[PDB]
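Just so you know, the sequence shown maps onto residues 43P, 44P, 45P, 46P, 47P, 48P, 1 to 157, 170 to 385 in the authors' numbering.
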Amino acid sequence: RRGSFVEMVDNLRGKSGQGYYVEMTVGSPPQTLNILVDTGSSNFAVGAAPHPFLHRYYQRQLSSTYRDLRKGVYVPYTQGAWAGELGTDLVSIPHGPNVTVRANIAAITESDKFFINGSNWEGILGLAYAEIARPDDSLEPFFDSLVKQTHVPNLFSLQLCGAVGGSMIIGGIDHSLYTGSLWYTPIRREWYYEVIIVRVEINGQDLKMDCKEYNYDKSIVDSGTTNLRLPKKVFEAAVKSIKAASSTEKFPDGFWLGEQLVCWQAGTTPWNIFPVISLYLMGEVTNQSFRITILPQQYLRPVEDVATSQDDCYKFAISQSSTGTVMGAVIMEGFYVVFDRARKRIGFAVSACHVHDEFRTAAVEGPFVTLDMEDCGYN
Ligand SMILES: C[C@@H](NC(=O)c1cc(C(=O)N[C@@H](Cc2ccccc2)[C@H](O)[C@@H]2NC(C)(C)N(C)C2=O)cc(N(C)S(C)(=O)=O)c1)c1ccc(F)cc1
């Protein structure tokens, strides 16, 4: 219940729900920048040239400790891409661990639909493993450098508080960030933070899909992705069930596709008419699983108000994917997520800051009995 990690609490910020970022200071003399926390990629990169959406950027000529690697780097994402130049420099996180390391850094010189207007972040911290780093797995990711060069335990945890703030505890866990117990699911393979979903329920009702469909291709935990993205067949079945569950009100088809949004008079959003969604994850013991449950407050996201108006507009943030399940911010904002790399597992617990109402709350419950969970994974 105590807190030796107090200085790392509340070290994350967000602007109009456009990405959670932490301050990172690079080079010498110090150059501090706002960096997006992304567990869905593995490259540490910072804007290094003027751009319409950037307030500031990394100026390598001003850093005496900058070391040019003489190699270009290109990183394409689901949304956007950028080109840059590799090098290494001293990096520290003011509100993170009390250490300084020399890490690889990609200086972003050109980009397309990457930076987001008004987001206040100027770079990205890829927290996933080396296998997915660009140009290749020989480019050591920032966290790997942190663990190799210092005594910091191989583990970090994220509390993303939606509507924007949060905490990234590096090297441990802070008990003030969650309630109840922490439940762990294994990290299937160390590339993306891959996990295995064994069952899906909408308002306690089993979607009844073969679990292989839930992980077709893969299922990952990705703080760099806004939505809960699901494979085509899963998406369709989920929307069908969600619509049936919230039949007390009808919405245009475009709403469920994220193309149309619906607004309610400030403070009147009928959260109660929307169902809860539960994802069962493989547990750490044979045939044992647990489930995490989110509320409509997590999958219905606010859209930057017109100008402090009397209308709360929302977008349905569950969408389709062709590269597996992506448990993005809509999932993470309901919990305190522990990325226990040391023990190859990811923990989930109810977040002390998740958005809810006086009738329902996000939950993490278990254990449950689920047979043949191993077969749910894709090979
Ligand atoms: C900051 C912002 N991100 C987005 O608005 C975004 C980024 C990616 C993305 O590609 N994320 C990658 C990182 C990235 C790209 C561009 C800008 C910032 C960050 C991420 O690496 C992603 N992981 C996987 C492995 C899926 N992949 C291939 C990626 O590119 C995908 C989507 N979708 C397609 S969506 C509408 O959510 O279905 C949206 C955001 C806003 C609020 C949050 F609360 C958390 C993150």
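Think of the CB as a built atom: it goes at the ideal place given N, C-alpha and C, for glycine as much as any other residue.
- prompt: Would a C-beta distance cut-off of 8 Å place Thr144 and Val93 closer than the cut-off?
  reply: yes
query: Going by the C-beta, is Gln25 closer than 7 Å to any heavy atom of ligand 1?
result: no
query: Taking only runs of the beta strand (DSSP E) that begin and end inside the stretch 51–111, which ones reach a length of at least 3 residues, in chain order?
result: 61–70, 75–86, 95–106
message: For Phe322, report the span of its alpha helix (DSSP H) as first-last.
response: That residue, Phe322, is in no alpha helix (DSSP H); its beta strand (DSSP E) goes 317–322.
task: Classify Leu267 as helix, strand or coil using the three-state DSSP reduction.
output: coil
Rounded separation between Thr82 and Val20 - CA only: 10 Å
field: 3 or more residues per run - each beta strand (DSSP E) lying fully within the stretch 215–265
entry: 225–227, 234–237
message: For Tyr342 and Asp62, what's the separation of their Cα atoms in angstroms?
response: 38 Å
field: Runs of beta strand (DSSP E) wholly within the stretch 327–355 (minimum 3 residues, chain order)
entry: If we require 3 residues or more, the beta strand (DSSP E) runs fully inside the stretch 327–355 come out as 331–333, 341–346.
message: Just to confirm, is the Cβ distance from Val336 to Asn233 under 8 Å?
response: yes
- prompt: Taking the alpha carbon of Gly117 as the point to measure from, which residue in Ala77, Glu207, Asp131 has its own alpha carbon closest?
  reply: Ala77
message: Once DSSP output is grouped into helix, strand and coil, what is the label at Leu121?
response: coil
task: With distances taken Cα to Cα, identify the nearest neighbour of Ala100 among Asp106, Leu80, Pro88, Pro91.
output: It is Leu80.
- prompt: When every heavy atom of ligand 1 is checked, does at least one fall within less than 7 Å of the C-beta of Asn221?
  reply: no
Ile29 classed as buried or exposed, judged by whether at least 16 other C-beta atoms fall within 10 angstroms: By the neighbour-count rule (16 or more Cβ atoms within 10 Å), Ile29 is buried.
field: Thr72 Cβ short of 7 Å to ligand 1 heavy atom set
entry: yes
query: Hey, how far is the Cα of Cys217 from the Cα of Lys249?
result: 22 Å
Contact test: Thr331 Cβ vs ligand 1 heavy atom, cutoff 7 Å: No; taking the cut-off as 7 Å, the Cβ of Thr331 has no heavy atom of ligand 1 nearer than that.
message: Among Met18, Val40, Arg194, whose alpha-carbon lies nearest the alpha-carbon of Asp381?
response: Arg194
task: Find the nearest neighbour of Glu1 within the set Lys321, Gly172, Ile300, judged by alpha-carbon distance.
output: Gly172
- prompt: With a Cβ-Cβ cutoff of 8 Å, do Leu121 and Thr231 count as a contact?
  reply: no
task: Have a look at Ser252, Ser58, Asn111, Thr103 and flag the residue whose alpha-carbon is nearest the alpha-carbon of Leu48.
output: Comparing alpha-carbon positions, the option among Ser252, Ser58, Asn111, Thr103 lying closest to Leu48 turns out to be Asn111.
field: Buried or exposed (CB count within 10 angstroms, at least 16 for buried), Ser105
entry: buried
field: The alpha helix (DSSP H) enclosing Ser139, as first and last residue numbers
entry: Its alpha helix (DSSP H) spans residues 136–143.
query: DSSP puts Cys155 in a beta bridge; with which residues?
result: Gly171
query: For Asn28, which of helix, strand or coil comes out of DSSP?
result: strand
message: By the three-class DSSP mapping on this structure, what secondary structure does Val146 have?
response: coil
- prompt: Under the DSSP definition of a beta bridge, which residues are partnered with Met18?
  reply: Paired residues: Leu27.
message: Let me make sure I understand the geometry here. Which of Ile300, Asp212, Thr103, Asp228 has the alpha-carbon closest to that of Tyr68?
response: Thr103
message: Please classify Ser295 as buried or exposed, where buried requires at least 16 neighbouring CB atoms within 10 angstroms.
response: buried
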